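Following: one structure in structure tokens, then a few remarks.
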Amino acid sequence: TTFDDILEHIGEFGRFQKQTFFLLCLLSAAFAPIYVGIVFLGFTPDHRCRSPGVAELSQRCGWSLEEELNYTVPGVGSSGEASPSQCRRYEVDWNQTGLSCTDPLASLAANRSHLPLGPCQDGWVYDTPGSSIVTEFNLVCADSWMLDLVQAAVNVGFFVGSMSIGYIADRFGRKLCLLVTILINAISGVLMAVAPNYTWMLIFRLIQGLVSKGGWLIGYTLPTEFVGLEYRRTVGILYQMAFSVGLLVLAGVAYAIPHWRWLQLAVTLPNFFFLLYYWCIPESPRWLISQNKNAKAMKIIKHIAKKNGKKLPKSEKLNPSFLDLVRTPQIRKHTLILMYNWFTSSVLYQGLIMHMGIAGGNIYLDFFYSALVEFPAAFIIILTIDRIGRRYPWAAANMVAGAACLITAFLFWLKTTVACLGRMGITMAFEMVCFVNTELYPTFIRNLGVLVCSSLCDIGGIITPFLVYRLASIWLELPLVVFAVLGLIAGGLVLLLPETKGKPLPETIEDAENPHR
Ligand SMILES: C[n+]1ccc(-c2ccccc2)cc1
């Protein structure tokens with residue numbers, strides 16, 4: 001007796017699976033913000049040093065924002081293309097000593113260089129009507145690193161969170177861990193909007209990061225276990241699609257309400273809504289059967305059977321271990337290759353979206369187009385995964401990503417199209433990685449196998465904001481060349497991974513030892 005055969009009689013894809021997947025995929029939307037929400041929660045608008053005298057001078061004569069932009073602000077191009085205008089104040093005696101409206105500073109200095117420069121004090125003025133983290137905490141001139149540090153904190157939380165949560169989930173089931181992660185993520189997200197000081201907000205963001213990705217992956221693994229062999233691709237890829245749709249909705253919601261506090265408070269409301277009603281999904285019977293807890297598994301199977309609409313026919317110790325993950329040489333090889341794939345995926349993904357994307361345009365529209373590019377990738381992957389196997393299309397997608405990045409490295413009209421194509425390729429590679437990794441490991445360590453293998457992803461996220469800079473100074477286009485090298489090498493290494501087309505996912509370590517047999 002095997003789980004697959006029992007599943008066949010109940011029905012690989014039926015009413016129960018439809019309901020479960022429809023409820024589950026919404027969690028993907030709730031995780032869409034945590035990953036890439038810095039783009040909207042914290043954005044840097046055009047800003048200038050506060051000028052108390054300018055306030056008085058504005059009512060003296062007719063003033064316009066564009067007009068006042070130049071004759072009452074330090075000129076750009078001195079000791080930096082934009083350094084003076086950004087966060088340097090002339091500190092002239094504008095108030096009580098106004099020479100004239102046309103040339104208030106012409107008589108004081110008469111020369112851009114002659115005009116004195118000093119530290120940016122009295123605060124800052126931001127053009128955007130909608131506040132944000134940057135405006136809230138004045139992280140503009142001497143604290144630019146702070147905004148990147150927030151994202152680095154999220155990327156650091158993901159790491160430890162995965163490393164612990166994977167072990168906890170694989171030792172005490174998926175359902176309980178998923179519920180706890182959902183609750184902690186919701187509470188941290190909602191409390192973030194009430195952080196009075198920057199430090200507390202950063203700590204709350206770290207706490208939320210510790211749980212977000214772990215919960216997301218634990219939610220991804222479950223539907224694959226529920227579904228049968230034939231329909232695995234559909235659920236596995238439609239999950240990714242929800243993330244895409246979720247990403248798309250978030251763009252619109254961000255345009256709807258700009259105030260970052262309100263944005264965060266609202267965006268996590270679905271996270272709270274899930275907690276109440278997601279306690280109607282059962283624990284995966286595969287884990288119970290593998291863990292020698294068939295008693296509960298039979299009740300779960302009966303519950304599934306009654307809802308499905310078919311009649312069920314009448315008819316030693318396994319524990320997780322980190323060292324076991326590498327005990328088997330073949331498992332060692334698989335894990336190493338997959339970890340390298342994670343690392344080479346995260347760097348490309350984050351770096352290209354933050355930099356590769358076409359410059360200019362609104363904050364929202366460009367992100368919208370970035371989200372839109374992914375939908376074709378899901379379609380192409382769905383078309384060919386079963387027909388020509390998972391291995392070759394994934395390798396080809398990684399190769400295409402690397403090639404597109406390299407050709408972009410060396411009026412940018414072609415650059416936009418190449419960027420979109422590359423942007424497509426990288427998502428294809430990421431999805432393929434996420435799909436294959438679950439199906440490769442044995443069941444009783446799968447949750448521990450993937451999450452730990454995903455920990456290396458975090459390191460890439462930390463490296464990208466730093467590495468690029470060090471490379472960018474060394475040579476203008478060096479980061480793209482390195483990206484291409486990483487992409488192509490990863491695509492080549494992918495070919496070595498054993499193929500899985502019709503093989504049922506293994507439930508023992510020996511089975512994973514020799515996948516060919
Ligand atoms: C298209 N796309 C979907 C999901 C991811 C993802 C990133 C980090 C963790 C989990 C999923 C990346 C790309």
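Numbering starts fresh at 1 for the residues of each chain in the structure tokens, the chains themselves are lettered A, B, ... in the order given, and ligands are numbered from 1 as they appear.
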task: Within 9 Å of residue 28 in chain A, counting only C-alpha atoms, which residues show up once you throw out same-chain ones fewer than 6 positions away? Write them as number ranges by chain, please.
output: A: 216, 219-220, 239-246
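By chain and then residue number, the residues within 9 Å of range 284-287 of chain A are residues 3, 170, 173, 174, 175, 222, 223, 225, 226, 293, 294, 296, 297, 298, 300, 301, 443, 444 and 507 of chain A, counting only C-alpha atoms and disregarding those fewer than 6 positions away in sequence.
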12 Å contact set for residue 141 in chain A, only C-alpha atoms, chain neighbours under 2 positions out, as a PyMOL selection string: chain A and resi 44+47-49+82-88+119-121+123-124+134-135+137-139+143-147
Those same residues, written as a PDB file, in the first residue's frame with C-alpha atoms?
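Final output, out29.pdb:
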ATOM      1  CA  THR A  44      12.833  59.010  -1.971  1.00  0.00           C
ATOM      2  CA  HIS A  47      13.575  67.211  -1.616  1.00  0.00           C
ATOM      3  CA  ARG A  48      15.373  70.349  -0.468  1.00  0.00           C
ATOM      4  CA  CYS A  49      16.752  71.851   2.728  1.00  0.00           C
ATOM      5  CA  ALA A  82      23.534  67.319  -7.386  1.00  0.00           C
ATOM      6  CA  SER A  83      25.295  67.511  -3.994  1.00  0.00           C
ATOM      7  CA  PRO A  84      24.590  71.251  -3.436  1.00  0.00           C
ATOM      8  CA  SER A  85      20.890  71.235  -4.291  1.00  0.00           C
ATOM      9  CA  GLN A  86      20.221  67.984  -2.422  1.00  0.00           C
ATOM     10  CA  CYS A  87      21.345  68.708   1.150  1.00  0.00           C
ATOM     11  CA  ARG A  88      23.282  71.986   1.212  1.00  0.00           C
ATOM     12  CA  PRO A 119      25.234  72.147   6.768  1.00  0.00           C
ATOM     13  CA  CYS A 120      21.613  71.303   5.977  1.00  0.00           C
ATOM     14  CA  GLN A 121      19.696  72.327   9.112  1.00  0.00           C
ATOM     15  CA  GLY A 123      14.763  70.209   8.520  1.00  0.00           C
ATOM     16  CA  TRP A 124      13.796  69.152   5.023  1.00  0.00           C
ATOM     17  CA  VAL A 134      12.037  58.671   4.135  1.00  0.00           C
ATOM     18  CA  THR A 135       9.954  61.723   5.010  1.00  0.00           C
ATOM     19  CA  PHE A 137      12.606  59.753   9.589  1.00  0.00           C
ATOM     20  CA  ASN A 138      14.553  62.249   7.445  1.00  0.00           C
ATOM     21  CA  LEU A 139      16.782  59.488   6.074  1.00  0.00           C
ATOM     22  CA  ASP A 143      21.477  58.576   6.565  1.00  0.00           C
ATOM     23  CA  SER A 144      21.000  57.156   3.068  1.00  0.00           C
ATOM     24  CA  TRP A 145      22.508  53.889   4.302  1.00  0.00           C
ATOM     25  CA  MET A 146      19.637  53.613   6.804  1.00  0.00           C
ATOM     26  CA  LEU A 147      16.989  52.937   4.156  1.00  0.00           C
TER      27      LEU A 147
END
message: Report, in Å to a single decimal, how far apart CA of residue 151 in chain A and CA of residue 38 in chain A are.
response: 7.1 Å
Find the residues of chain A that sit at most 10 Å from ligand 1; for each, write down the nearest two atoms and how far apart they are in Å, to one decimal. Count only C-alpha atoms and all ligand atoms. Sort by chain, then by number going up, and give it as JSON lines.
{"residue": "A:28", "atom": "CA", "partner": "ligand 1", "partner_atom_place_in_ligand_line": "4 (C)", "distance": 8.6}
{"residue": "A:31", "atom": "CA", "partner": "ligand 1", "partner_atom_place_in_ligand_line": "10 (C)", "distance": 8.6}
{"residue": "A:32", "atom": "CA", "partner": "ligand 1", "partner_atom_place_in_ligand_line": "4 (C)", "distance": 8.1}
{"residue": "A:34", "atom": "CA", "partner": "ligand 1", "partner_atom_place_in_ligand_line": "8 (C)", "distance": 9.7}
{"residue": "A:35", "atom": "CA", "partner": "ligand 1", "partner_atom_place_in_ligand_line": "8 (C)", "distance": 6.8}
{"residue": "A:36", "atom": "CA", "partner": "ligand 1", "partner_atom_place_in_ligand_line": "7 (C)", "distance": 9.1}
{"residue": "A:158", "atom": "CA", "partner": "ligand 1", "partner_atom_place_in_ligand_line": "9 (C)", "distance": 9.2}
{"residue": "A:212", "atom": "CA", "partner": "ligand 1", "partner_atom_place_in_ligand_line": "9 (C)", "distance": 9.0}
{"residue": "A:213", "atom": "CA", "partner": "ligand 1", "partner_atom_place_in_ligand_line": "9 (C)", "distance": 5.9}
{"residue": "A:214", "atom": "CA", "partner": "ligand 1", "partner_atom_place_in_ligand_line": "9 (C)", "distance": 8.7}
{"residue": "A:215", "atom": "CA", "partner": "ligand 1", "partner_atom_place_in_ligand_line": "10 (C)", "distance": 9.8}
{"residue": "A:216", "atom": "CA", "partner": "ligand 1", "partner_atom_place_in_ligand_line": "10 (C)", "distance": 6.7}
{"residue": "A:217", "atom": "CA", "partner": "ligand 1", "partner_atom_place_in_ligand_line": "10 (C)", "distance": 6.7}
{"residue": "A:220", "atom": "CA", "partner": "ligand 1", "partner_atom_place_in_ligand_line": "10 (C)", "distance": 9.1}
{"residue": "A:237", "atom": "CA", "partner": "ligand 1", "partner_atom_place_in_ligand_line": "3 (C)", "distance": 9.6}
{"residue": "A:239", "atom": "CA", "partner": "ligand 1", "partner_atom_place_in_ligand_line": "3 (C)", "distance": 8.6}
{"residue": "A:240", "atom": "CA", "partner": "ligand 1", "partner_atom_place_in_ligand_line": "3 (C)", "distance": 5.2}
{"residue": "A:241", "atom": "CA", "partner": "ligand 1", "partner_atom_place_in_ligand_line": "1 (C)", "distance": 7.4}
{"residue": "A:242", "atom": "CA", "partner": "ligand 1", "partner_atom_place_in_ligand_line": "3 (C)", "distance": 8.6}
{"residue": "A:243", "atom": "CA", "partner": "ligand 1", "partner_atom_place_in_ligand_line": "3 (C)", "distance": 5.7}
{"residue": "A:244", "atom": "CA", "partner": "ligand 1", "partner_atom_place_in_ligand_line": "1 (C)", "distance": 6.0}
{"residue": "A:245", "atom": "CA", "partner": "ligand 1", "partner_atom_place_in_ligand_line": "1 (C)", "distance": 9.8}
{"residue": "A:246", "atom": "CA", "partner": "ligand 1", "partner_atom_place_in_ligand_line": "3 (C)", "distance": 9.9}
{"residue": "A:247", "atom": "CA", "partner": "ligand 1", "partner_atom_place_in_ligand_line": "3 (C)", "distance": 9.0}
{"residue": "A:342", "atom": "CA", "partner": "ligand 1", "partner_atom_place_in_ligand_line": "8 (C)", "distance": 9.5}
{"residue": "A:345", "atom": "CA", "partner": "ligand 1", "partner_atom_place_in_ligand_line": "12 (C)", "distance": 8.8}
{"residue": "A:346", "atom": "CA", "partner": "ligand 1", "partner_atom_place_in_ligand_line": "7 (C)", "distance": 7.7}
{"residue": "A:349", "atom": "CA", "partner": "ligand 1", "partner_atom_place_in_ligand_line": "13 (C)", "distance": 7.6}
{"residue": "A:350", "atom": "CA", "partner": "ligand 1", "partner_atom_place_in_ligand_line": "12 (C)", "distance": 9.4}
{"residue": "A:371", "atom": "CA", "partner": "ligand 1", "partner_atom_place_in_ligand_line": "1 (C)", "distance": 8.5}
{"residue": "A:373", "atom": "CA", "partner": "ligand 1", "partner_atom_place_in_ligand_line": "1 (C)", "distance": 9.7}
{"residue": "A:374", "atom": "CA", "partner": "ligand 1", "partner_atom_place_in_ligand_line": "1 (C)", "distance": 6.4}
{"residue": "A:375", "atom": "CA", "partner": "ligand 1", "partner_atom_place_in_ligand_line": "1 (C)", "distance": 8.9}
{"residue": "A:377", "atom": "CA", "partner": "ligand 1", "partner_atom_place_in_ligand_line": "1 (C)", "distance": 8.8}
{"residue": "A:378", "atom": "CA", "partner": "ligand 1", "partner_atom_place_in_ligand_line": "1 (C)", "distance": 8.7}
{"residue": "A:423", "atom": "CA", "partner": "ligand 1", "partner_atom_place_in_ligand_line": "1 (C)", "distance": 10.0}
{"residue": "A:424", "atom": "CA", "partner": "ligand 1", "partner_atom_place_in_ligand_line": "1 (C)", "distance": 9.3}
{"residue": "A:426", "atom": "CA", "partner": "ligand 1", "partner_atom_place_in_ligand_line": "13 (C)", "distance": 8.4}
{"residue": "A:427", "atom": "CA", "partner": "ligand 1", "partner_atom_place_in_ligand_line": "1 (C)", "distance": 5.1}
{"residue": "A:428", "atom": "CA", "partner": "ligand 1", "partner_atom_place_in_ligand_line": "1 (C)", "distance": 7.6}
{"residue": "A:429", "atom": "CA", "partner": "ligand 1", "partner_atom_place_in_ligand_line": "13 (C)", "distance": 9.0}
{"residue": "A:430", "atom": "CA", "partner": "ligand 1", "partner_atom_place_in_ligand_line": "13 (C)", "distance": 5.8}
{"residue": "A:431", "atom": "CA", "partner": "ligand 1", "partner_atom_place_in_ligand_line": "2 (N)", "distance": 6.2}
{"residue": "A:432", "atom": "CA", "partner": "ligand 1", "partner_atom_place_in_ligand_line": "1 (C)", "distance": 10.0}
{"residue": "A:433", "atom": "CA", "partner": "ligand 1", "partner_atom_place_in_ligand_line": "12 (C)", "distance": 9.9}
{"residue": "A:434", "atom": "CA", "partner": "ligand 1", "partner_atom_place_in_ligand_line": "11 (C)", "distance": 7.6}
{"residue": "A:454", "atom": "CA", "partner": "ligand 1", "partner_atom_place_in_ligand_line": "9 (C)", "distance": 8.3}
{"residue": "A:457", "atom": "CA", "partner": "ligand 1", "partner_atom_place_in_ligand_line": "8 (C)", "distance": 8.1}
{"residue": "A:458", "atom": "CA", "partner": "ligand 1", "partner_atom_place_in_ligand_line": "8 (C)", "distance": 9.1}
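For residue 155 in chain A, the list of residues within 8 Å, based on only C-alpha atoms and with local chain neighbours fewer than 6 positions off taken out, reads residues 209, 458, 459, 461 and 462 of chain A.
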- request: Please report, as a PyMOL selection string, each residue of range 143-294 of chain A to which DSSP assigns alpha helix (DSSP H) when run on this structure's backbone.
  value: chain A and resi 144-172+174-192+198-226+232-256+260-267+269-277+285-290+294
message: If we count only C-alpha atoms and set the cut-off at 9 Å, which residues sit around residue 122 in chain A, ignoring sequence neighbours fewer than 4 positions away in its own chain? Please answer as number ranges by chain.
response: A: 49-52
message: Residues within 9 Å of residue 195 in chain A, please, as a count of residues only. Count only C-alpha atoms; anything in the same chain fewer than 6 positions from it doesn't count.
response: 3
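Nearest residue to residue 352 in chain A among A:425, A:111, A:329, A:69 is A:425, counting only C-alpha atoms.
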query: Smallest atom-to-atom distance to residue 355 in chain A: which of A:396, A:480, A:169, A:184, using only C-alpha atoms?
result: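 Distance minimum relative to residue 355 in chain A lands on A:480.
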Among listed residues A:490, A:250, A:207, A:73, nearest residue 364 in chain A (using only C-alpha atoms):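 Ranked by minimum distance to residue 364 in chain A, first place goes to A:250.
Taking CA of residue 322 in chain A as the reference point, CA of residue 445 in chain A is found at 9.2 Å.
Near range 114-118 of chain A, within 6 Å and counting only C-alpha atoms, sit residues 89, 90 and 109 of chain A; same-chain residues fewer than 5 positions away were not included.
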